[PDB]
file coords_33.tsv (TSV, C-alpha atoms)
chain	number	residue	atom	x	y	z
Y	1	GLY	CA	13.39	17.24	-2.42
Y	2	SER	CA	11.46	15.59	-5.24
Y	3	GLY	CA	11.40	12.37	-3.21
Y	4	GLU	CA	9.70	12.49	0.18
Y	5	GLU	CA	7.24	14.85	-1.26
Y	6	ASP	CA	6.52	15.61	-4.93
Y	7	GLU	CA	3.81	13.13	-4.92
Y	8	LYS	CA	0.41	13.67	-6.11
Y	9	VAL	CA	-2.84	11.81	-5.47
Y	10	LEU	CA	-4.27	9.84	-8.34
Y	11	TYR	CA	-6.40	7.10	-6.84
Y	12	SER	CA	-8.08	6.29	-3.62
Y	13	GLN	CA	-9.71	2.92	-2.44
Y	14	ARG	CA	-11.44	1.59	0.59
Y	15	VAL	CA	-9.27	-0.99	2.12
Y	16	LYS	CA	-8.46	-2.53	5.49
Y	17	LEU	CA	-5.00	-1.92	6.88
Y	18	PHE	CA	-3.30	-4.51	8.96
Y	19	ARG	CA	-0.34	-4.75	11.20
Y	20	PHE	CA	1.61	-7.73	11.87
Y	21	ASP	CA	1.51	-8.45	15.43
Y	22	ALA	CA	4.69	-9.61	16.72
Y	23	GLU	CA	2.98	-10.82	19.83
Y	24	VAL	CA	0.19	-12.47	17.90
Y	25	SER	CA	2.59	-13.30	15.21
Y	26	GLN	CA	-0.24	-12.27	13.17
Y	27	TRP	CA	-1.71	-9.70	10.91
Y	28	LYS	CA	-4.46	-7.75	12.67
Y	29	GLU	CA	-6.19	-4.79	11.36
Y	30	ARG	CA	-4.87	-1.38	11.98
Y	31	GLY	CA	-8.16	-0.10	10.84
Y	32	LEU	CA	-10.29	0.55	7.83
Y	33	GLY	CA	-9.74	3.30	5.39
Y	34	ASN	CA	-8.97	4.53	1.95
Y	35	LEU	CA	-5.90	3.85	0.30
Y	36	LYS	CA	-4.56	6.92	-1.09
Y	37	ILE	CA	-1.97	6.76	-3.77
Y	38	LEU	CA	0.55	9.35	-3.91
Y	39	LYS	CA	2.76	9.26	-6.88
Y	40	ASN	CA	5.88	11.25	-7.40
Y	41	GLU	CA	6.04	13.52	-10.35
Y	42	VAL	CA	9.31	11.78	-11.02
Y	43	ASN	CA	7.35	8.52	-10.90
Y	44	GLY	CA	10.25	7.20	-8.93
Y	45	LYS	CA	8.45	6.27	-5.84
Y	46	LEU	CA	4.83	5.91	-5.36
Y	47	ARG	CA	3.18	5.37	-2.15
Y	48	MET	CA	0.12	3.87	-0.93
Y	49	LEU	CA	-1.02	5.32	2.26
Y	50	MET	CA	-4.07	4.71	4.02
Y	51	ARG	CA	-5.86	6.85	6.25
Y	52	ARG	CA	-8.55	5.66	8.29
Y	53	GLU	CA	-11.61	7.12	6.82
Y	54	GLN	CA	-13.70	8.05	9.58
Y	55	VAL	CA	-10.63	8.22	11.73
Y	56	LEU	CA	-9.22	11.00	9.43
Y	57	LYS	CA	-5.77	9.63	10.00
Y	58	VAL	CA	-3.20	8.00	7.61
Y	59	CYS	CA	-1.54	5.15	9.37
Y	60	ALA	CA	0.77	3.66	6.74
Y	61	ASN	CA	2.79	5.12	4.05
Y	62	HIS	CA	4.03	2.32	2.03
Y	63	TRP	CA	6.03	2.85	-1.17
Y	64	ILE	CA	5.22	0.45	-3.93
Y	65	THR	CA	8.48	-0.73	-5.33
Y	66	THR	CA	10.23	-3.81	-6.56
Y	67	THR	CA	12.59	-3.11	-3.64
Y	68	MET	CA	9.92	-4.72	-1.64
Y	69	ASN	CA	7.86	-7.77	-2.21
Y	70	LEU	CA	4.29	-8.62	-1.63
Y	71	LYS	CA	3.37	-11.77	0.05
Y	72	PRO	CA	-0.21	-13.14	0.57
Y	73	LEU	CA	-1.35	-13.68	4.13
Y	74	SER	CA	-1.90	-17.20	5.27
Y	75	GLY	CA	-5.17	-18.37	4.22
Y	76	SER	CA	-5.56	-15.43	1.94
Y	77	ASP	CA	-4.76	-15.77	-1.63
Y	78	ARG	CA	-5.23	-12.35	-2.73
Y	79	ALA	CA	-4.83	-10.16	0.29
Y	80	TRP	CA	-1.21	-9.30	0.73
Y	81	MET	CA	1.33	-7.87	2.92
Y	82	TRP	CA	4.28	-6.04	2.14
Y	83	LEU	CA	7.18	-5.18	4.15
Y	84	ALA	CA	7.49	-1.49	4.59
Y	85	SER	CA	8.73	0.95	6.95
Y	86	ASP	CA	5.85	2.92	7.76
Y	87	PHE	CA	6.04	6.27	9.43
Y	88	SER	CA	3.36	8.47	7.91
Y	89	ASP	CA	2.96	9.08	11.48
Y	90	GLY	CA	2.99	5.36	12.00
Y	91	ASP	CA	6.34	5.48	13.60
Y	92	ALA	CA	9.28	4.06	11.81
Y	93	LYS	CA	9.41	0.41	12.14
Y	94	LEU	CA	9.58	-1.99	9.35
Y	95	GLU	CA	6.82	-4.28	9.44
Y	96	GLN	CA	4.96	-6.33	7.31
Y	97	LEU	CA	1.75	-4.77	7.04
Y	98	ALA	CA	-1.13	-5.93	5.09
Y	99	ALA	CA	-4.10	-4.66	3.30
Y	100	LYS	CA	-6.98	-6.45	2.02
Y	101	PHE	CA	-9.65	-5.67	-0.23
Y	102	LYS	CA	-13.27	-6.87	0.24
Y	103	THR	CA	-12.93	-9.56	-2.32
Y	104	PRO	CA	-10.19	-11.33	-4.32
Y	105	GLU	CA	-11.59	-9.29	-7.16
Y	106	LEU	CA	-10.29	-6.09	-5.69
Y	107	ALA	CA	-7.51	-7.92	-4.10
Y	108	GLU	CA	-6.59	-9.92	-7.26
Y	109	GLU	CA	-6.71	-7.03	-9.71
Y	110	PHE	CA	-4.62	-4.96	-7.42
Y	111	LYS	CA	-2.13	-7.80	-6.61
Y	112	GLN	CA	-1.28	-8.49	-10.22
Y	113	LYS	CA	-1.12	-4.93	-11.21
Y	114	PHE	CA	0.85	-4.14	-8.11
Y	115	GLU	CA	3.73	-6.48	-8.95
Y	116	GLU	CA	3.63	-5.52	-12.58
Y	117	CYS	CA	3.91	-1.92	-11.66
Y	118	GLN	CA	6.80	-2.79	-9.39
Y	119	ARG	CA	8.86	-4.12	-12.33
Y	120	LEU	CA	7.44	-2.11	-15.05
Y	121	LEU	CA	6.63	1.42	-13.68
Y	122	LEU	CA	10.26	1.92	-13.28
Y	123	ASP	CA	11.04	2.03	-16.95
Y	124	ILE	CA	7.74	2.89	-18.31
Y	125	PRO	CA	6.62	6.50	-17.97
Y	126	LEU	CA	3.21	7.08	-16.53
Y	127	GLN	CA	2.38	10.70	-16.33
Y	128	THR	CA	-1.06	11.89	-15.64
Y	129	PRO	CA	-2.25	14.77	-17.87
Y	130	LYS	CA	-2.79	18.09	-16.26
call {"tool": "encode", "arguments": {"input": "coords_33.tsv", "output": "structure tokens"}}
result
Amino acid sequence: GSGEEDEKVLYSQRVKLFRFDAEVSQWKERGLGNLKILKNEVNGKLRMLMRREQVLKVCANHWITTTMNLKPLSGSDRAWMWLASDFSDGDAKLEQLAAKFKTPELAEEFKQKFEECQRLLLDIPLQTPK
């Protein structure tokens, strides 16, 4: 009720999704897809989910909040992981899952903006015209 739904799609981007392998202790790709952003009309929670493009299937529904923190992968500077409990149909575990963009360009722009939005989006209204 205005929380687990109520989200609309504003932006989509081709990204790689990663899972943290407990057994590998390491981030390994979940696949390749498009990061779909669903944003609540309330602008309370926004999500980034990514569906595997050619795989037609969302694997991770991650909410972008300051309640969570982004951390760069080892060796990556601008590809980051977040801890989220994903269960788009990903099955509810909390994992640190990662996503990386092709370049630190895509990765860096998003990283900065991501954190800023975490602190900021909360207080600052961002409503898309209709």
call {"tool": "atom_distance", "arguments": {"input": "coords_33.tsv", "atom1": "atom CA of residue Y:58", "atom2": "atom CA of residue Y:125"}}
result
27.4 Å
call {"tool": "closest_residue", "arguments": {"input": "coords_33.tsv", "among": "Y:128, Y:118, Y:88, Y:2", "to": "residue Y:65", "atoms": "only C-alpha atoms"}}
result
Y:118
call {"tool": "closest_residue", "arguments": {"input": "coords_33.tsv", "among": "Y:81, Y:22, Y:38, Y:70", "to": "residue Y:9", "atoms": "all atoms listed in the file"}}
result
Y:38
call {"tool": "closest_residue", "arguments": {"input": "coords_33.tsv", "among": "Y:107, Y:68, Y:60, Y:79", "to": "residue Y:93", "atoms": "all atoms listed in the file"}}
result
Y:60
call {"tool": "atom_distance", "arguments": {"input": "coords_33.tsv", "atom1": "atom CA of residue Y:69", "atom2": "atom CA of residue Y:123"}}
result
18.0 Å
call {"tool": "atom_distance", "arguments": {"input": "coords_33.tsv", "atom1": "atom CA of residue Y:16", "atom2": "atom CA of residue Y:3"}}
result
26.3 Å
call {"tool": "closest_residue", "arguments": {"input": "coords_33.tsv", "among": "Y:1, Y:44, Y:72, Y:129", "to": "residue Y:100", "atoms": "all atoms listed in the file"}}
result
Y:72
call {"tool": "build_atoms", "arguments": {"input": "coords_33.tsv", "residues": "stretch 46-69 of chain Y", "atoms": "N, CA, C and O atoms", "output": "mmCIF file, in the coordinates of the input"}}
result
data_model
loop_
_atom_site.group_PDB
_atom_site.id
_atom_site.type_symbol
_atom_site.label_atom_id
_atom_site.label_comp_id
_atom_site.auth_asym_id
_atom_site.auth_seq_id
_atom_site.Cartn_x
_atom_site.Cartn_y
_atom_site.Cartn_z
ATOM 1 N N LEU Y 46 6.170 5.683 -5.588
ATOM 2 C CA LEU Y 46 4.830 5.910 -5.360
ATOM 3 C C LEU Y 46 4.540 5.307 -4.061
ATOM 4 O O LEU Y 46 5.216 4.380 -3.630
ATOM 5 N N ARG Y 47 3.576 5.804 -3.460
ATOM 6 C CA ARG Y 47 3.180 5.370 -2.150
ATOM 7 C C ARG Y 47 1.734 5.049 -2.157
ATOM 8 O O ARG Y 47 0.959 5.598 -2.933
ATOM 9 N N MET Y 48 1.410 4.222 -1.285
ATOM 10 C CA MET Y 48 0.120 3.870 -0.930
ATOM 11 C C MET Y 48 0.065 4.196 0.528
ATOM 12 O O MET Y 48 0.849 3.663 1.325
ATOM 13 N N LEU Y 49 -0.774 5.064 0.878
ATOM 14 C CA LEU Y 49 -1.020 5.320 2.260
ATOM 15 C C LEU Y 49 -2.447 5.213 2.534
ATOM 16 O O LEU Y 49 -3.250 5.424 1.668
ATOM 17 N N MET Y 50 -2.788 4.871 3.701
ATOM 18 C CA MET Y 50 -4.070 4.710 4.020
ATOM 19 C C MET Y 50 -4.338 5.320 5.310
ATOM 20 O O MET Y 50 -3.643 5.131 6.311
ATOM 21 N N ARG Y 51 -5.257 6.063 5.215
ATOM 22 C CA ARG Y 51 -5.860 6.850 6.250
ATOM 23 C C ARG Y 51 -7.114 6.167 6.574
ATOM 24 O O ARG Y 51 -7.777 5.585 5.711
ATOM 25 N N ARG Y 52 -7.416 6.219 7.785
ATOM 26 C CA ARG Y 52 -8.550 5.660 8.290
ATOM 27 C C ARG Y 52 -9.567 6.688 8.073
ATOM 28 O O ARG Y 52 -9.394 7.830 8.433
ATOM 29 N N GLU Y 53 -10.561 6.275 7.409
ATOM 30 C CA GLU Y 53 -11.610 7.120 6.820
ATOM 31 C C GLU Y 53 -12.273 7.932 7.798
ATOM 32 O O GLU Y 53 -12.128 9.167 7.802
ATOM 33 N N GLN Y 54 -12.956 7.307 8.644
ATOM 34 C CA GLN Y 54 -13.700 8.050 9.580
ATOM 35 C C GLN Y 54 -12.798 8.499 10.733
ATOM 36 O O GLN Y 54 -13.194 9.274 11.603
ATOM 37 N N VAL Y 55 -11.599 7.984 10.722
ATOM 38 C CA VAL Y 55 -10.630 8.220 11.730
ATOM 39 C C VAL Y 55 -9.673 9.380 11.306
ATOM 40 O O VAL Y 55 -8.845 9.851 12.101
ATOM 41 N N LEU Y 56 -9.883 9.888 10.066
ATOM 42 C CA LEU Y 56 -9.220 11.000 9.430
ATOM 43 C C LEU Y 56 -7.657 10.894 9.442
ATOM 44 O O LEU Y 56 -6.934 11.799 9.004
ATOM 45 N N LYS Y 57 -7.181 9.788 9.798
ATOM 46 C CA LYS Y 57 -5.770 9.630 10.000
ATOM 47 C C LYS Y 57 -5.058 8.469 9.238
ATOM 48 O O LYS Y 57 -5.318 7.307 9.500
ATOM 49 N N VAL Y 58 -4.310 8.826 8.179
ATOM 50 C CA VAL Y 58 -3.200 8.000 7.610
ATOM 51 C C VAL Y 58 -2.367 7.277 8.673
ATOM 52 O O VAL Y 58 -1.826 7.878 9.628
ATOM 53 N N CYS Y 59 -2.284 5.993 8.498
ATOM 54 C CA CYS Y 59 -1.540 5.150 9.370
ATOM 55 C C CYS Y 59 -0.338 4.517 8.700
ATOM 56 O O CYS Y 59 0.589 4.206 9.385
ATOM 57 N N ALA Y 60 -0.335 4.325 7.359
ATOM 58 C CA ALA Y 60 0.770 3.660 6.740
ATOM 59 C C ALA Y 60 1.073 4.218 5.438
ATOM 60 O O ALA Y 60 0.230 4.243 4.579
ATOM 61 N N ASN Y 61 2.250 4.658 5.311
ATOM 62 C CA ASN Y 61 2.790 5.120 4.050
ATOM 63 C C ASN Y 61 3.765 4.123 3.531
ATOM 64 O O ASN Y 61 4.933 4.062 3.936
ATOM 65 N N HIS Y 62 3.275 3.334 2.724
ATOM 66 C CA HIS Y 62 4.030 2.320 2.030
ATOM 67 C C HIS Y 62 4.345 2.723 0.571
ATOM 68 O O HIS Y 62 3.480 3.084 -0.164
ATOM 69 N N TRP Y 63 5.593 2.633 0.201
ATOM 70 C CA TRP Y 63 6.030 2.850 -1.170
ATOM 71 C C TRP Y 63 5.887 1.534 -1.941
ATOM 72 O O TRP Y 63 6.264 0.478 -1.438
ATOM 73 N N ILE Y 64 5.379 1.591 -3.138
ATOM 74 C CA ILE Y 64 5.220 0.450 -3.930
ATOM 75 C C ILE Y 64 6.415 0.373 -4.868
ATOM 76 O O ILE Y 64 6.593 1.209 -5.748
ATOM 77 N N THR Y 65 7.292 -0.527 -4.562
ATOM 78 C CA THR Y 65 8.480 -0.730 -5.330
ATOM 79 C C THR Y 65 8.832 -2.179 -5.390
ATOM 80 O O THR Y 65 8.393 -2.971 -4.562
ATOM 81 N N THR Y 66 9.655 -2.499 -6.341
ATOM 82 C CA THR Y 66 10.230 -3.810 -6.560
ATOM 83 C C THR Y 66 11.337 -4.064 -5.522
ATOM 84 O O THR Y 66 11.943 -5.122 -5.484
ATOM 85 N N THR Y 67 11.580 -3.060 -4.691
ATOM 86 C CA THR Y 67 12.590 -3.110 -3.640
ATOM 87 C C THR Y 67 11.976 -3.845 -2.434
ATOM 88 O O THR Y 67 12.649 -4.226 -1.473
ATOM 89 N N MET Y 68 10.726 -4.131 -2.580
ATOM 90 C CA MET Y 68 9.920 -4.720 -1.640
ATOM 91 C C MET Y 68 9.178 -5.786 -2.387
ATOM 92 O O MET Y 68 9.131 -5.763 -3.607
ATOM 93 N N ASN Y 69 8.612 -6.652 -1.681
ATOM 94 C CA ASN Y 69 7.860 -7.770 -2.210
ATOM 95 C C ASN Y 69 6.554 -7.930 -1.434
ATOM 96 O O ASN Y 69 6.489 -7.637 -0.233
#
